[PDB]
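Visitor: Before I ask anything, let me first share the structure, which is written out below as structure tokens.
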Amino acid sequence: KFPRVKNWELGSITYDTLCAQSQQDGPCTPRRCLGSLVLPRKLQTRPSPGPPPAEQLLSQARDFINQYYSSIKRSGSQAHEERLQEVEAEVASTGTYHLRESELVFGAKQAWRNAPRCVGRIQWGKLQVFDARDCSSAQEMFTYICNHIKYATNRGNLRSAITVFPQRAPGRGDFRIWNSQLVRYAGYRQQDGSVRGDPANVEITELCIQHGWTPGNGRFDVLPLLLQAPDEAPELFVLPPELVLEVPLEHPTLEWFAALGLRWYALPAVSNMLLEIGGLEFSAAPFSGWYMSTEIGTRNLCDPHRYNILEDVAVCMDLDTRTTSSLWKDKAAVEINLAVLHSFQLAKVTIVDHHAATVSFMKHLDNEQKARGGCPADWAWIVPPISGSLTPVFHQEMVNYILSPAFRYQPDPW
Amino acid sequence: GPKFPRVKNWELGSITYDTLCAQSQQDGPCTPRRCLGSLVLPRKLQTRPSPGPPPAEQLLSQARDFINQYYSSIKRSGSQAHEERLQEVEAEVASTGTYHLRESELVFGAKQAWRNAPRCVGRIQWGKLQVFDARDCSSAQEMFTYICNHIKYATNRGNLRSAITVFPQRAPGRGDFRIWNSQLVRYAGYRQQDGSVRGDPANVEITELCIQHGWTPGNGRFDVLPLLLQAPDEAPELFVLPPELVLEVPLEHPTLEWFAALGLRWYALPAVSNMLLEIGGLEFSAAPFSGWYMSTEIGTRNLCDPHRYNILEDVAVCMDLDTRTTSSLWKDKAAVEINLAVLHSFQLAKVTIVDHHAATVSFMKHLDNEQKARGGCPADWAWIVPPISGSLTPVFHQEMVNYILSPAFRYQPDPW
Ligand code: HEM
Ligand code: HEM
Ligand SMILES: C[C@H](O)[C@H](O)[C@H]1CNc2nc(N)[nH]c(=O)c2N1
Ligand SMILES: C[C@H](O)[C@H](O)[C@H]1CNc2nc(N)[nH]c(=O)c2N1
Ligand SMILES: N=C(NCCC[C@H](N)C(=O)O)N[N+](=O)[O-]
Ligand SMILES: N=C(NCCC[C@H](N)C(=O)O)N[N+](=O)[O-]
Ligand SMILES: [Zn+2]
């Protein structure tokens with residue numbers, strides 16, 4: 001029942017008892033493991049055909065509230081009971097309820113803390129929670145989003161933050177941010193079928209053009225936002241260039257790298273995920289912290305289905321691109337990651353390398369082992385895309401399981 | 001649509017459905033509640049020493065299943081021969097309590113087992129395996145002769161050939177044939193006074209177990225351990241490998257002259273010798289196998305793991321890198337060069353080796369082949385993706401479904 005978890009570098013061992021609190025099922029079954037799959041369809045968050053059994057929501061809600069009060073140690077107090085009564089009251093009459101700002105702040109933090117795929121969870125306690133449930137239009141989301149970006153960026157000294165927009169309402173549309181991240185480079189499919197820019201953003205780039213945006217023709221054209229208000233066609237808003245901080249990329253000892261004119265934005269801000277707290281679902285809650293160098297240098301720039309600049313660089317490095325055994329890929333990958341780290345540090349913008357980052361995650365596991373008796377972690381996502389066993393987490397066994405509050409994936413609006 | 005795991009490759013955007021997992025008749029460690037897919041040894045395949053023969057009934061189902069597998073592999077499923085072999089196996093379990101495999105059935109099962117290994121990335125070669133039957137073997141001395149012939153044939157003076165040597169299956173009331181060593185060729189780990197370890201820290205226990213058994217220990221970092229071979233109900237005996245049989249490769253770098261000076265070296269033949277080979281229910285406690293190395297096994301795990309040779313620092317210093325700050329990627333840089341050194345050295349020494357790129361590319365080919373032949377392929381992602389340049393290989397972008405198929409290679413408790 002309670003997993004025996006071992007680290008193979010320190011022979012240490014623990015017993016994950018935190019998974020007992022998991023009330024949602026993953027994709028694995030005793031017959032076959034599907035832990036390496038990216039998406040579900042089973043862990044997904046289907047829209048609202050109607051009101052969910054008052055008993056269900058009520059239960060998720062009762063549990064969350066209990067969490068919040070244990071949180072502030074006032075468990076069993078009067079306020080705790082009066083708060084439960086409240087929630088049961090609202091639900092019984094309207095089929096739903098709402099959260100107090102202090103609970104939202106607690107929930108958002110627990111959601112990050114429970115994020116099995118996040119390696120930066122050691123920062124979970126420090127989170128700036130902008131409340132935007134007081135939003136009635138897309139015009140407004142744009143402003144809120146602009147405030148978040150402005151604050152989170154802080155001229156390079158990045159600060160973690162999340163902005164929570166109106167929870168989903170049964171029998172009503174959903175506030176939604178169509179973009180996958182608040183900031184992403186457009187992908188233009190040029191005749192040859194090939195792509196100019198970011199292949200990952202071909203679709204969202206299309207949709208934008210389809211709603212009026214007049215595209216550009218560059219490799220790094222910052223995409224406009226397509227904010228959607230309940231049951232209304234999305235609206236298009238361009239992001240103020242002064243607002244979008246970017247880091248030109250150059251290399252420490254290789255003068256030519258800069259020539260490549262590669263660049264990347266400073267704010268990683270996933271914006272299409274769903275935040276679920278006490279049964280409530282927040283369809284639009286963008287969050288941001290700061291990049292870990294490999295996300296840009298390894299996946300974004302070297303993925304074959306991304307900017308795939310791996311060969312262009314090896315050529316310049318005068319490498320033997322003829323055979324695999326020359327390790328021209330491994331050699332060029334490390335320089336590109338070095339270049340990202342170097343450039344961000346030079347532009348005085350927050351960034352964390354994969355070594356330092358996984359070290360902090362180890363500490364986090366420790367801190368969490370003591371605090372809750374375990375930590376849900378997705379091994380395949382926690383181990384960096386390069387130098388895996390070269391980091392401490394590669395050698396750490398992990399247990400994956402779903403806990404709430406939680407960030408979950410959700411279907412595309414279109 | 002389909003009632004089977006939907007699998008996607010995010011690089012090419014292609015989709016496949018795995019129907020082969022429905023053929024697994026043995027649960028793993030996961031549950032809808034939590035996934036334990038990153039655990040190295042969850043108690044599942046594990047075969048705690050059963051006092052006697054499997055439950056008369058249970059052993060029948062397993063056995064009847066393997067036979068079905070054999071006849072279908074030869075396209076004679078449902079034939080007179082197939083049905084008779086079935087009647088035969090049953091009768092033998094009904095009278096003796098166990099049963100034996102015809103030669104061709106053993107070769108078949110062995111290959112299946114490899115073919116089914118979820119953690120092996122070189123399975124594209126599963127059909128090409130030399131199976132030395134050695135079920136006649138009756139002594140620890142005899143065990144030593146077979147093993148030597150294996151290394152002789154498998155090493156083949158540089159041009160390695162995949163092979164496996166199968167010894168007598170577990171018998172009721174009779175001890176097992178066990179090879180105490182983890183691999184046929186291993187370097188000694190000497191426990192020091194100051195607490196450290198000279199050689200390979202992994203092999204410390206087996207090194208101390210050979211000494212207890214009269215081995216006269218040396219004192220270098222790369223000392224080839226002796227073999228602790230054990231026959232049924234006897235205590236193990238010791239045997240030393242003739243240096244001429246154990247091919248070894250000195251490591252040097254293609255452009256860094258000093259690397260050669262480090263005096264680093266590795267043996268060419270990898271041979272897991274402690275795994276259990278299970279076929280049709282029959283358990284072969286000793287059945288060493290070998291193929292050939294993949295660059296990263298040596299250049300990343302053995303040489304750079306903190307709990308192994310841990311040479312990352314020494315090499316980084318020699319390259320004049322900033323080891324006092326992770327953001328310099330001094331670890332990534334040195335690792336790349338150490339791996340390039342293992343590759344270079346083997347090539348230079350006409351010894352078979354495969355790098356992680358070619359290896360994983362060929363595995364993708366293997367997945368496509370199996371998709372067509374069996375409707376899928378059991379794979380352990382954490383083990384398939386190389387320890388360096390992970391997302392730079394095609395396997396990183398390929399989702400995988402892990403499950404247990406038999407024949408199989410299962411981990412087993414140390415004999416001691
Ligand atoms: C403090 C800086 C942070 C760092 C360094 C960090 C780093 C990471 C990295 C490396 C990933 C994998 C991303 C990928 O490969 O696509 C990840 C995933 C994730 N992080 Fe964090 N994170 C940070 C802050 C945050 C914050 C502020 C939140 C929310 C409050 C958050 C929520 C998540 C979630 C939900 C995922 C998975 C998203 C997905 O499945 O696409 N992270 N994080
Ligand atoms: C000829 C080329 C071969 C290559 C390049 C190859 C490579 C590999 C690699 C990289 C691993 C993981 C090593 C580790 O992480 O410690 C592995 C594991 C394994 N291979 Fe292969 N393999 C080959 C041949 C064989 C043969 C001939 C057999 C058996 C007949 C086999 C059976 C297995 C099994 C059982 C495992 C898992 C062992 C464990 O759990 O530690 N392999 N192979
Ligand atoms: C197929 C496989 O699950 C997929 O490529 C995963 C692997 N590990 C990952 N790890 C992180 N951090 N991010 C990812 O997107 C992935 N992709
Ligand atoms: C803890 C974790 O499961 C462990 O370090 C695994 C990860 N992937 C691996 N992959 C291979 N090929 N070999 C290994 O020994 C491991 N070790
Ligand atoms: N670091 C974070 N990353 C979110 C995903 C970003 C994506 N890998 C990419 O654009 O490369 N989260 N965060 O810090 O909030
Ligand atoms: N390549 C193989 N490796 C088996 C494990 C070897 C181990 N990692 C090591 O010695 O580094 N098997 N094989 O090819 O038969
Ligand atoms: Zn699993």
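All residue names refer to the structure tokens as shown: chains lettered A, B, ... in order, residues numbered from 1 in each chain, ligands numbered from 1 in order.
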Using only C-alpha atoms and all ligand atoms, which protein or nucleic acid residues are at most 9 Å from ligand 2, as a PyMOL selection string?

Guide: chain B and resi 40-41+110-126+128-131+160-164+270-272+275+277+288-297+301+353-356+359+383-384+386-387+408-411

Visitor: I'd like to know which residues of region 236-409 of chain A are strand (DSSP E) (by DSSP, run on the backbone); could you write them as a PyMOL selection string?

Guide: chain A and resi 236-237+246-248+263-265+274-277+280-282+287-288+406-408

Visitor: Those same residues, written as a PDB file, in the first residue's frame with N, CA and C atoms?

Guide:
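That gives us again-v3.pdb:
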ATOM      1  N   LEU A 236      -9.252  39.990 -30.115  1.00  0.00           N
ATOM      2  CA  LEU A 236      -7.808  40.051 -30.302  1.00  0.00           C
ATOM      3  C   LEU A 236      -7.152  41.303 -29.709  1.00  0.00           C
ATOM      4  N   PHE A 237      -6.096  41.111 -28.920  1.00  0.00           N
ATOM      5  CA  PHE A 237      -5.371  42.228 -28.312  1.00  0.00           C
ATOM      6  C   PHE A 237      -3.876  42.049 -28.519  1.00  0.00           C
ATOM      7  N   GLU A 246      12.391  40.414 -23.701  1.00  0.00           N
ATOM      8  CA  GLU A 246      13.004  39.331 -24.444  1.00  0.00           C
ATOM      9  C   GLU A 246      14.504  39.341 -24.217  1.00  0.00           C
ATOM     10  N   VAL A 247      15.134  38.184 -24.396  1.00  0.00           N
ATOM     11  CA  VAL A 247      16.572  38.057 -24.194  1.00  0.00           C
ATOM     12  C   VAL A 247      17.295  37.611 -25.453  1.00  0.00           C
ATOM     13  N   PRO A 248      18.054  38.516 -26.088  1.00  0.00           N
ATOM     14  CA  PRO A 248      18.769  38.115 -27.302  1.00  0.00           C
ATOM     15  C   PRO A 248      19.799  37.073 -26.896  1.00  0.00           C
ATOM     16  N   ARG A 263      16.594  34.491 -30.201  1.00  0.00           N
ATOM     17  CA  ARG A 263      16.170  35.237 -29.029  1.00  0.00           C
ATOM     18  C   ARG A 263      15.043  34.470 -28.360  1.00  0.00           C
ATOM     19  N   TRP A 264      14.681  34.879 -27.152  1.00  0.00           N
ATOM     20  CA  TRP A 264      13.588  34.237 -26.443  1.00  0.00           C
ATOM     21  C   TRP A 264      13.031  35.184 -25.394  1.00  0.00           C
ATOM     22  N   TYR A 265      11.744  35.037 -25.101  1.00  0.00           N
ATOM     23  CA  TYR A 265      11.106  35.887 -24.112  1.00  0.00           C
ATOM     24  C   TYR A 265      11.462  35.416 -22.702  1.00  0.00           C
ATOM     25  N   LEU A 274      -6.238  24.414 -16.424  1.00  0.00           N
ATOM     26  CA  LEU A 274      -7.378  24.665 -15.555  1.00  0.00           C
ATOM     27  C   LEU A 274      -7.015  24.435 -14.096  1.00  0.00           C
ATOM     28  N   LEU A 275      -7.401  25.386 -13.255  1.00  0.00           N
ATOM     29  CA  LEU A 275      -7.136  25.308 -11.826  1.00  0.00           C
ATOM     30  C   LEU A 275      -8.395  24.873 -11.098  1.00  0.00           C
ATOM     31  N   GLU A 276      -8.308  23.752 -10.393  1.00  0.00           N
ATOM     32  CA  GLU A 276      -9.454  23.249  -9.654  1.00  0.00           C
ATOM     33  C   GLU A 276      -9.250  23.296  -8.139  1.00  0.00           C
ATOM     34  N   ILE A 277     -10.134  24.017  -7.452  1.00  0.00           N
ATOM     35  CA  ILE A 277     -10.058  24.125  -5.999  1.00  0.00           C
ATOM     36  C   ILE A 277     -11.421  23.831  -5.375  1.00  0.00           C
ATOM     37  N   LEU A 280     -14.441  23.642  -7.393  1.00  0.00           N
ATOM     38  CA  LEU A 280     -14.664  24.736  -8.313  1.00  0.00           C
ATOM     39  C   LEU A 280     -13.607  24.612  -9.395  1.00  0.00           C
ATOM     40  N   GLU A 281     -13.949  25.072 -10.592  1.00  0.00           N
ATOM     41  CA  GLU A 281     -13.026  25.006 -11.709  1.00  0.00           C
ATOM     42  C   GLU A 281     -12.770  26.384 -12.287  1.00  0.00           C
ATOM     43  N   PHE A 282     -11.503  26.764 -12.382  1.00  0.00           N
ATOM     44  CA  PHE A 282     -11.142  28.070 -12.935  1.00  0.00           C
ATOM     45  C   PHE A 282     -10.536  27.859 -14.322  1.00  0.00           C
ATOM     46  N   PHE A 287      -0.444  31.427 -14.999  1.00  0.00           N
ATOM     47  CA  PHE A 287       0.574  31.489 -13.959  1.00  0.00           C
ATOM     48  C   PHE A 287       1.971  31.579 -14.554  1.00  0.00           C
ATOM     49  N   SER A 288       2.888  32.175 -13.797  1.00  0.00           N
ATOM     50  CA  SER A 288       4.267  32.312 -14.244  1.00  0.00           C
ATOM     51  C   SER A 288       5.254  32.331 -13.085  1.00  0.00           C
ATOM     52  N   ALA A 406      -5.592  21.378  -7.798  1.00  0.00           N
ATOM     53  CA  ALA A 406      -4.774  20.883  -8.888  1.00  0.00           C
ATOM     54  C   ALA A 406      -4.903  21.636 -10.190  1.00  0.00           C
ATOM     55  N   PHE A 407      -3.812  21.636 -10.943  1.00  0.00           N
ATOM     56  CA  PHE A 407      -3.814  22.223 -12.266  1.00  0.00           C
ATOM     57  C   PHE A 407      -4.034  21.001 -13.153  1.00  0.00           C
ATOM     58  N   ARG A 408      -5.019  21.087 -14.034  1.00  0.00           N
ATOM     59  CA  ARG A 408      -5.326  19.993 -14.939  1.00  0.00           C
ATOM     60  C   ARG A 408      -5.369  20.526 -16.360  1.00  0.00           C
TER      61      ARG A 408
END

Visitor: Rank nothing, just name the residue among A:140, A:206, A:9, A:192 nearest to chain B, using only C-alpha atoms.

Guide: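 Distance minimum relative to chain B lands on A:9.
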
Visitor: Tell me, as a list in words, which residues lie within 8 Å of residue 44 (chain A), counting only C-alpha atoms; anything in the same chain fewer than 6 positions away does not count.

Guide: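 In the requested form, the answer reads residues 408, 409, 410 and 411 of chain A.
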
Visitor: Write as JSON, numbers by chain the residues around ligand 1, taking 9 Å as the cut-off and counting only C-alpha atoms and all ligand atoms.

Guide: {"A": [38, 39, 108, 109, 110, 111, 112, 113, 114, 115, 116, 117, 118, 119, 120, 121, 122, 123, 124, 126, 127, 128, 129, 158, 159, 160, 161, 162, 268, 269, 270, 272, 273, 274, 275, 286, 287, 288, 289, 290, 291, 292, 293, 294, 295, 299, 351, 352, 353, 354, 357, 381, 382, 384, 385, 406, 407, 408, 409]}

Visitor: Report as a VMD selection string the set of chain B residues whose atoms approach chain A to within 7 Å, with distances computed over only C-alpha atoms.

Guide: chain B and resid 11 21 24 26 to 39 306 to 307 326 to 329 332 to 333 336 340 343 355 357 to 358 381 to 382 387 to 391 399 to 403

Visitor: Give the helix (DSSP H, G or I) residues of region 10-252 of chain B, as DSSP finds them on the backbone, and put them as a count of residues only.

Guide: 86

Visitor: I'd like a table as CSV: residues in chain B with an atom no more than 6 Å from ligand 3, each row giving the shortest atom pair and its distance in Å to one decimal, only C-alpha atoms and all ligand atoms counted, sorted by chain and rising residue number.

Guide:
residue,atom,partner,partner_atom_place_in_ligand_line,distance
B:396,CA,ligand 3,5 (O),5.0
B:397,CA,ligand 3,5 (O),3.9
B:398,CA,ligand 3,1 (C),4.6
B:399,CA,ligand 3,1 (C),4.0

Visitor: Limited to C-alpha atoms, could you put the picked residues into a file as a PDB file, in the first residue's frame?

Guide:
ATOM      1  CA  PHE B 396      12.138  10.733 -25.672  1.00  0.00           C
ATOM      2  CA  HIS B 397       9.238  11.910 -27.891  1.00  0.00           C
ATOM      3  CA  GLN B 398       7.666   8.481 -28.124  1.00  0.00           C
ATOM      4  CA  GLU B 399       5.071   7.523 -25.520  1.00  0.00           C
TER       5      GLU B 399
END

Visitor: Contacts of residue 259 (chain B) at 10 Å or less, counting only C-alpha atoms, minus same-chain residues fewer than 2 places along, as JSON, numbers by chain?

Guide: {"B": [251, 252, 253, 254, 255, 256, 257, 261, 262, 263, 264, 315, 318, 319, 337, 338, 341]}

Visitor: Write out the residues from the selection above, keeping N, CA and C atoms, as a PDB file, in the first residue's frame.

Guide:
ATOM      1  N   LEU B 251      40.852   3.364 -22.510  1.00  0.00           N
ATOM      2  CA  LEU B 251      40.133   4.539 -22.979  1.00  0.00           C
ATOM      3  C   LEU B 251      41.062   5.704 -23.274  1.00  0.00           C
ATOM      4  N   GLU B 252      40.858   6.339 -24.426  1.00  0.00           N
ATOM      5  CA  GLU B 252      41.635   7.508 -24.845  1.00  0.00           C
ATOM      6  C   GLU B 252      40.658   8.452 -25.554  1.00  0.00           C
ATOM      7  N   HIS B 253      41.055   9.707 -25.738  1.00  0.00           N
ATOM      8  CA  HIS B 253      40.192  10.691 -26.385  1.00  0.00           C
ATOM      9  C   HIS B 253      40.728  11.009 -27.776  1.00  0.00           C
ATOM     10  N   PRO B 254      39.839  11.360 -28.717  1.00  0.00           N
ATOM     11  CA  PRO B 254      40.275  11.678 -30.079  1.00  0.00           C
ATOM     12  C   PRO B 254      41.132  12.943 -30.254  1.00  0.00           C
ATOM     13  N   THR B 255      40.996  13.911 -29.349  1.00  0.00           N
ATOM     14  CA  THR B 255      41.773  15.146 -29.449  1.00  0.00           C
ATOM     15  C   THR B 255      42.370  15.603 -28.117  1.00  0.00           C
ATOM     16  N   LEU B 256      41.969  14.969 -27.021  1.00  0.00           N
ATOM     17  CA  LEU B 256      42.516  15.337 -25.723  1.00  0.00           C
ATOM     18  C   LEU B 256      43.517  14.264 -25.313  1.00  0.00           C
ATOM     19  N   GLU B 257      44.793  14.558 -25.551  1.00  0.00           N
ATOM     20  CA  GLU B 257      45.877  13.631 -25.260  1.00  0.00           C
ATOM     21  C   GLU B 257      45.960  13.164 -23.814  1.00  0.00           C
ATOM     22  N   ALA B 261      46.076   9.408 -20.389  1.00  0.00           N
ATOM     23  CA  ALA B 261      46.879   9.305 -19.183  1.00  0.00           C
ATOM     24  C   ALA B 261      46.080   8.903 -17.942  1.00  0.00           C
ATOM     25  N   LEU B 262      44.782   9.167 -17.954  1.00  0.00           N
ATOM     26  CA  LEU B 262      43.928   8.835 -16.817  1.00  0.00           C
ATOM     27  C   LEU B 262      43.943   7.343 -16.497  1.00  0.00           C
ATOM     28  N   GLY B 263      44.383   6.537 -17.460  1.00  0.00           N
ATOM     29  CA  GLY B 263      44.434   5.100 -17.246  1.00  0.00           C
ATOM     30  C   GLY B 263      43.063   4.491 -17.043  1.00  0.00           C
ATOM     31  N   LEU B 264      42.081   4.991 -17.787  1.00  0.00           N
ATOM     32  CA  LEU B 264      40.723   4.469 -17.688  1.00  0.00           C
ATOM     33  C   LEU B 264      40.567   3.352 -18.725  1.00  0.00           C
ATOM     34  N   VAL B 315      37.914  14.762 -14.696  1.00  0.00           N
ATOM     35  CA  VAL B 315      37.975  15.126 -16.111  1.00  0.00           C
ATOM     36  C   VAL B 315      37.685  16.597 -16.352  1.00  0.00           C
ATOM     37  N   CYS B 318      40.735  18.560 -15.657  1.00  0.00           N
ATOM     38  CA  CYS B 318      41.677  18.391 -16.758  1.00  0.00           C
ATOM     39  C   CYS B 318      41.306  19.212 -17.993  1.00  0.00           C
ATOM     40  N   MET B 319      40.019  19.522 -18.140  1.00  0.00           N
ATOM     41  CA  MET B 319      39.552  20.316 -19.275  1.00  0.00           C
ATOM     42  C   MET B 319      39.605  21.805 -18.943  1.00  0.00           C
ATOM     43  N   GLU B 337      32.478  14.597 -23.396  1.00  0.00           N
ATOM     44  CA  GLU B 337      33.814  14.147 -23.772  1.00  0.00           C
ATOM     45  C   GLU B 337      34.128  12.732 -23.293  1.00  0.00           C
ATOM     46  N   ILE B 338      33.675  12.370 -22.091  1.00  0.00           N
ATOM     47  CA  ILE B 338      33.925  11.016 -21.587  1.00  0.00           C
ATOM     48  C   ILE B 338      33.201   9.993 -22.462  1.00  0.00           C
ATOM     49  N   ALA B 341      34.858   9.544 -25.580  1.00  0.00           N
ATOM     50  CA  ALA B 341      36.054   8.739 -25.367  1.00  0.00           C
ATOM     51  C   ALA B 341      35.748   7.246 -25.408  1.00  0.00           C
TER      52      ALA B 341
END

Visitor: Could you please determine the separation between atom 12 (N, counted along the ligand's line) of ligand 4 and CA of residue 148 (chain B) in Å, to one decimal place?

Guide: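 Taking atom 12 (N, counted along the ligand's line) of ligand 4 and CA of residue 148 (chain B), their separation equals 26.9 Å.
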
Visitor: Report as a list in words all protein, DNA and RNA residues lying within 9 Å of residue 87 (chain A), evaluated on only C-alpha atoms, omitting residues in the same chain fewer than 5 positions from it.

Guide: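 Neighbouring residues, sequence-local ones excluded: residues 58, 61, 62, 65, 82, 92, 96, 97, 98 and 99 of chain A.
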
Visitor: Given the choices A:78, A:13, A:241, A:54, which gets closest to ligand 4 if the distance is worked out from only C-alpha atoms and all ligand atoms?

Guide: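 Distance minimum relative to ligand 4 lands on A:13.
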
Visitor: Would you mind listing what lies within 10 Å of residue 190 (chain B) as a PyMOL selection string, with only C-alpha atoms counted and same-chain residues fewer than 5 positions away left out?

Guide: chain B and resi 196-201+203-205+207-208+217-221+223

Visitor: Just checking: using only C-alpha atoms and all ligand atoms, which residue out of B:237, B:380, B:310, B:299 ends up closest to ligand 7?

Guide: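 Looking only at the distances to ligand 7, the closest residue turns out to be B:380.
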
Visitor: With only C-alpha atoms as the counted atoms, please give the residues lying no more than 7 Å from residue 197 (chain A), apart from itself and same-chain residues fewer than 6 positions off, as a tab-separated table (two decimals) with C-alpha atoms, in the first residue's frame.

Guide:
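That gives us part33.tsv:
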chain	number	residue	atom	x	y	z
A	185	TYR	CA	6.22	33.22	-31.04
A	186	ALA	CA	3.96	32.81	-34.08
A	187	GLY	CA	4.43	29.95	-36.51
A	188	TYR	CA	3.76	30.68	-40.17
A	218	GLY	CA	9.79	36.78	-38.71
A	219	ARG	CA	11.07	33.85	-36.67
A	220	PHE	CA	10.16	35.45	-33.35
A	307	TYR	CA	13.13	25.64	-34.04

Visitor: Check the smallest atom-to-atom distance from each of A:373, A:51, A:252, A:297 to ligand 5 using only C-alpha atoms and all ligand atoms, then report the winner.

Guide: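 Distance minimum relative to ligand 5 lands on A:297.
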